[PDB]
Ligand code: HEM
Ligand SMILES: O=N[O-]
Ligand SMILES: O=N[O-]
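Numbering (full-length UniProt numbering), first residue to last: 2 to 152.
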């Protein structure tokens with residue numbers, strides 16, 4: 002149920018991310034990993050990383066950050082009409098990576114943190130409202146896919 006004004010806010014925020022997708026993606030994964038160390042353990046690709054310095058130094062962590070946020074940007078730009086884009090992420094995250102929905106909530110929290118940290122006094126309360134709505138929609142739709150699959 003996001004309004005057009007709300008989707009406009011979400012995509013105006015996302016334009017901030019797009020100016021440095023690798024920077025934002027890295028910061029988000031690092032915030033996630035250090036706030037909820039159980040999440041790192043889901044990444045066989047990254048679980049050798051122990052310290053924040055090692056995470057910050059990982060070029061491959063940046064690369065994956067780009068992959069993840071590129072998908073999210075594509076989803077957001079569909080303005081809720083994201084059945085096709087969301088299906089493959091639902092399947093992979095439920096059944097292959099085995100990511101609890103709770104972890105997607107932590108991922109959403111990390112995005113909001115990173116946006117405030119990178120854009121202090123430039124991430125408006127209206128835009129925080131709208132981004133929350135957009136992420137909540139994404140989680141709701143993914144979660145239904147997980148339920149279907151017994152997850
Ligand atoms: C905004 C939410 C998320 C988006 C948009 C996203 C997107 C993606 C994309 C596009 C891929 C590569 C294609 C795929 O395997 O489906 C991927 C891989 C993966 N994601 Fe996510 N993801 C999200 C959340 C999470 C969370 C919260 C976790 C774990 C706590 C996670 C764990 C993984 C893992 C393990 C892989 C495979 C990485 C590899 O070994 O190469 N994802 N994700
Ligand atoms: O960065 N999550 O795939
Ligand atoms: O990372 N959540 O504050």
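Every residue, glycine too, gets a C-beta built ideally from N, C-alpha and C.
- Look at the alpha carbon of residue 20 and the alpha carbon of residue 71, and state the distance between them as a whole number of angstroms. 12 Å
- Check residue 150 in the structure and name its three-state DSSP category. coil
Between which two residues does the alpha helix (DSSP H) containing residue 100 stretch?
It is not in any alpha helix (DSSP H) - residue 100 carries neither H nor E in the DSSP assignment.
Put residue 93 into one of helix, strand or coil per three-state DSSP. helix
*Rounded separation between residue 32 and residue 5 - CA only*: 30 Å
TODO: Using 6 Å as the cut-off, classify the Cβ of residue 114 as near or not near the heavy atoms of ligand 3, replying yes or no.
DONE: yes
Check whether the Cβ of residue 69 lies closer than 6 Å to any heavy atom of ligand 2, and answer yes or no.
yes
**Prompt:** Pick from 130, 12, 23, 143: whose alpha carbon is nearest that of residue 89?
**Reply:** 143
Could you tell me whether the region 92-99 touches the region 7-17, using the rule of 3 or more Cβ pairs below 8 Å? no
Residue 134 to residue 63, Cα distance in whole Å? 26 Å
- Can you grab the Cα-Cα spacing for the pair residue 130 / residue 3, in whole Å? 10 Å
* Classify residue 38 as helix, strand or coil using the three-state DSSP reduction. => helix
query: Considering only the beta carbon of each residue, do residue 100 and residue 86 sit closer than 7 Å?
result: no
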